[PDB]
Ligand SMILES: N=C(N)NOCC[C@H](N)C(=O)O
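First, one chain by itself: the form deposited without the ligand, in C-alpha cells.
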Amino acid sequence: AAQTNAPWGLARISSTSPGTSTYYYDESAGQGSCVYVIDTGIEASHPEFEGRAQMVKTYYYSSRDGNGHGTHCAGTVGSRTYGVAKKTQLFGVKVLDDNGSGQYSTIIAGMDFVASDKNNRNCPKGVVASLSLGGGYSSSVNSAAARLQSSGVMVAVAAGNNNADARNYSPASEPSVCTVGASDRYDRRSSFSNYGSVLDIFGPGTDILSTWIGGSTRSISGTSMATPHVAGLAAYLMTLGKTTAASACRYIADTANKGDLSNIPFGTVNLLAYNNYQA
C-alpha cells in the first residue's frame, strides 16, 4: 500500500533515502497487534483513531488527555493518517498529569499494569509499549521497564532531549528495552536528541505532524515523537510475522538504514528505523 503526501517521518521509515513524501507499507498495517501508549492519555474519540483507541487506566482524577502529548504519540503509532500501524489497537495508560508530569512511582505502576493488563486484551500478533517520557537515572524505573519487556512486550522508550548521554536518564538507560533517538528530515541527528551506547535506533523526531486534543493536529518535536515511530514499526512487523516482542528491537536494528545520519557521536549507533517494505 501507498499513502501519498504522508508526514515526512512515515515516508522516511519506508525509504532508503530522505526527501520523499509517500509512505509504503503492507496493508495488514499492524492488525491483530496492540500498542500501549503510557503517557498523558489519548483522546480516543478523535476521528483519526476510528474506534481503535481506548483508555484502559489512569492514576489521576480523569483518564482524559488534557495535554495533547499522549494523543500525538498515539497518533504516530496508529492514527489512520499520521500513524505507522494504521490498523493496530491502541491502549492508553495515563501516568502523566495534564502538565506532562508524573512521579516515578506512578510510572512504575503503569509499566507493571501493562505487563498484567495485556492478559486482558486480544493481541494475537503481539504487544508493544511506547514510553515517550523520562527523567534522571533510577534503577527502580529501569527495572520496571525491564520487567515489562521480560513479560513479552516490545518496550520502546525515548532517549531524552538534553543533547546528552542517555545513560543518565531512565527508562532510556535500561539496556533490555529499545531506546530511541531522534532525527530530522535531512537525516541529521535532531539537535536536542540524547545519544550514547545505550541507544538502539533513531526515528523521525523533528517536526512530526500527528493528532492533538480537540480533534486537531499539530507538528511538534522530540525523542517523544521518534519513539512511537519505532513502536508502531514493531507492531507492524509483528503482524507480518517477521519478529516478536523479545526480538523486535534487534530486528529493527538489523534491518535499519545504516550510516545515513549526520552528527552521530562516535560510539552511538548510526541506525535509522526502516520497514524494508517492497511493494
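Residue numbers here begin at 1 and follow the sequence given.
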Exercise for the section: Averaging the C-alpha B factors as listed in the entry, name the stretch that ends up higher: 246-254 or 36-44. Expected result: 246-254
Handout entry: Between 203-211 and 190-198 (mean CA B-factor, as deposited), the higher
Key = 190-198
Practice task
Determine which member of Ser132, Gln103, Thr88, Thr179 has the highest CA B-factor, using the values in the deposited entry.
Solution key: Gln103
Exercise for the section: Quick one: classify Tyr274 as lowest, middle or highest third of the chain based on its Cα B-factor. Expected result: middle
Exercise for the section: Using the B-factor values recorded in the entry, state whether the Cα atom of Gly68 falls in the lowest, middle or highest third among the modelled residues of its chain. Expected result: middle
Problem - Within-chain third of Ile220 by Cα B-factor, per the entry - result: middle
Problem - Chain-wide C-alpha B factor ranking for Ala115, given as lowest, middle or highest third - result: middle
Problem - Chain third (lowest, middle, highest) by recorded CA B-factor, residue given as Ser143 - result: lowest
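What comes next is about the form deposited with the ligand bound, which is not displayed.
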Problem - Open vs blocked, site of the ligand as found in the bound PDB entry, superimposed, 2.4 Å to backbone or C-beta - result: open
Fill in the blank from the handout: Applying a 4.5 angstroms cut-off on non-hydrogen atoms, the residues of 253-279 near the ligand in the bound PDB entry are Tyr274, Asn276, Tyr277, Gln278, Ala279
